[PDB]
Structures are given as structure tokens and as C-alpha cells.
């Protein structure tokens, strides 16, 4: 049995790191994937060549732009006929700079990409699900437990993650109350082994993970398979943490 047979999924930030692991798990389970990225178009070439252009498609996308969402939706439908799943995975990370010295622009950019872009994606995926999937679908909002090492001191990153969490709740409820079978859940990765970091951090990172190591990207992929499939038809407005016990 292929757990995502004929499902069509949009995965933002989908050609590198965590998003790529989600794409790999999805393709493995029989799904068609549209993977997107703002700048990494060669990442898109590589993914499509890996998966095959019959089951995968790359689209360039800046998730902060309302216009690129319509562009991805149209490209997804044009290629695959429908939209069943949105994985909002694209996000920018946390920095350790003093809060009183943070420029508005740097704050606003994080809010745009980590929070507002989730809203925009939801809105776009919901319309396309009502239009092509009999108002049925699953939306997954991905946000790391910690996006900076040690204390979550990045006010922008933390704020946008907190925003994303409640967005998920409110959206699942906003839909449910009008009888629309579109589930919205959040996934919360701890520390995944993708980007290399200085050893005075990497060792300091692992020191914060009870199980003594980092996750792989497919760890996050596996939970997304669950949430994307009808195995999770009664999971809604909920938070799914895969963090090696980081915030236990």
C-alpha cells in the first residue's frame, strides 16, 4: 500500500534540507510533488531528475509574495490537475542579536516569510482544494522547535513561530465551522542535520538534545506522510513535535 497514492502535494522550500526529505517521503508513498524554492532553481532541477518529471515539478516561488502563490497553484493544477496537500515548509532562521538593536526591516522580513507566507499559502491551497479536490485536503505548517542554538532569544523568529502555531489552530477551526473537510496541523522539527555549523555550536547544539544527536530530514518527512494521508482524518488543529525530546 502506498500511503499517498494519487495525492498531489505542494512543498515549499522543497529542494533542500528538510523540505527535500519531505519530498522524498512523499514521492516514495506515491504522491505527486510540486517542490518550490526562491533562489535554488538548480536544486529544483536535481529533485525533478531524482524523482522523475512525471511525478515531480519545480516552480520558482517567493513565499512572501501573494502573486507567486497563484503562480504555483496554477502551475500545479496545469501539471497535475489538482491540489490535495500543502506543506508550508519554507522559512528563514533565527539570529542572536539584541532585541533593542533589531531593525524593523529585519523583523518584518522574518514575519513576512515565517508567518504571513503561511497565511497566504493556506488561503491559496484552500481555494484550490475547494476548486479541484471536492473541498478536501490537508495543510501542514512546519516550524522548528528551535531555530537558534540555546535560548530562543530571537524575538522575530520566536514570534513568527508562535504566530504560525495559533494560525494553524484558528484556520483548522475557521474551516471546520463551515463544514469544510480541510485539516490544518503544525509540525515542529527540533534540530535536523542539514547545514553545517561551527563546532562550538554543533557540539553546543547536541548538548541540548536529550537523545544525543540530531534528526535526519526524513524524520520530518515521515510525520508529514501521516498528516498528508487519510490516516490522520481526525487529526486537526494539532501540533506534531519531532525533536529528540528537545522541549520535553
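Numbering follows the first chain given and starts at 1.
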Review point. Averaging C-alpha B-factors over each stretch, which comes out higher, 193-201 or 60-68?
Key: 193-201
Practice item. Give the stretch, out of 32-40 and 48-56, with the larger mean C-alpha temperature factor in the deposited entry. Key: 48-56
Check your understanding: Highest Cα B-factor in the PDB entry belongs to which of 128, 153, 110, 86?
Key -> 153
**Study point:** Residue selected from 138, 177, 160, 141 by maximal Cα B factor
**Key:** 177
**Study point:** residue 118 - which third its CA temperature factor falls in, relative to the rest of the chain
**Key:** lowest
Review point. Lowest, middle or highest third: where is residue 97 by C-alpha B factor in its chain?
Key: highest
Study note, to complete from the structure: residue 146: C-alpha B-factor third of its chain, per the entry, is the highest
Practice item. Among all modelled residues of this chain, ranked by Cα B factor, put residue 207 in the bottom, middle or top third, i.e. lowest, middle or highest. Key: highest
**Study point:** Lowest, middle or highest third - CA B-factor, residue 8
**Key:** middle
